[PDB]
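**Q** Structure incoming, see below.
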Amino acid sequence: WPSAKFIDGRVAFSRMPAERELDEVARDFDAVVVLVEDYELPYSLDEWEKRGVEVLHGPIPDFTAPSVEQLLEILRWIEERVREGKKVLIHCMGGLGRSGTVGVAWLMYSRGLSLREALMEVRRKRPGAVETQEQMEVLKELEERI
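Counting in full-length UniProt numbering, the sequence shown runs from 2 upward without gaps.
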């Protein structure tokens with residue numbers, strides 16, 4: 002699925018799949034982290050279940066940061082699926098800052114990367130995408146705990 006950009010061998014991030022795209026995406030991933038809010042969702046997250054995909058719904062408002070504890074819980078969940086041999090998709094929508102934040106966090110969490118190097122790696126895979134200052138702050142908090 003070309004919207005998905007992989008950040009390691011098993012974890013990717015992307016924009017939101019449309020409902021017509023679900024059959025395709027569901028054959029490429031085993032689990033999905035949904036970071037959009039319910040007022041951004043054009044379908045029920047049931048549609049993933051009906052296609053054999055397990056879901057973690059961790060809503061974050063657009064342009065804002067998750068809490069650091071919310072971040073760590075999402076990271077632990079991704080790690081669980083990865084350890085099971087599964088491929089995981091992190092998606093948000095819009096400017097992509099929310100999935101960008103979680104993807105940078107994942108590189109710090111799983112590979113031990115510093116924040117500044119994790120930011121550089123995600124930055125190159127998404128030309129023109131930025132994290133807001135609020136998202137930068139929680140990532141710094143994550144670095145200070147990790």
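Even for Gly, the Cβ is constructed at its ideal location relative to N, Cα and C.
In the DSSP assignment, the beta strand (DSSP E) including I75 goes from what residue to what residue?
**A** Element bounds for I75: not the beta strand (DSSP E) but the alpha helix (DSSP H), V69 to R84.
**Q** From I61 to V139, what does the alpha carbon distance come to, in whole angstroms?
**A** The straight-line gap from Cα to Cα measures roughly 13 Å.
**Q** Tell me, to the nearest whole angstrom, how far the beta carbon of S15 is from that of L90; I am working on the premise that it is less than 8 Å.
**A** Yes, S15 and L90 are in contact; Cβ-Cβ is about 6 Å, under 8 Å.
**Q** Which first and last residues belong to the beta strand (DSSP E) in which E55 is found?
**A** Run containing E55: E55 to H58, per the beta strand (DSSP E) assignment.
**Q** Could you work out which residue in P18, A19 and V26 is closest to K88 when comparing CA atoms only?
**A** Residue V26 is the option with its Cα nearest to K88.
**Q** Just reading off the beta strand (DSSP E) that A13 is part of, what are its end residues?
**A** Its beta strand (DSSP E) spans residues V12 to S15.
**Q** Since I believe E20 is in contact with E48 (beta carbons under 8 Å), could you give me their beta-carbon distance rounded to a whole number of angstroms?
**A** Right, the Cβ-Cβ distance comes to about 7 Å (below 8 Å), so this counts as a contact.
**Q** Inspect the CB distances between the region 31-50 and the region 107-115 and report whether three or more fall short of 8 Å.
**A** Too few Cβ pairs lie closer than 8 Å, so no.
**Q** With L108 and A130 assumed to form a contact (beta carbons below 8 Å), what rounded beta-carbon distance in angstroms separates them?
**A** Not confirmed; about 15 Å, so no contact.
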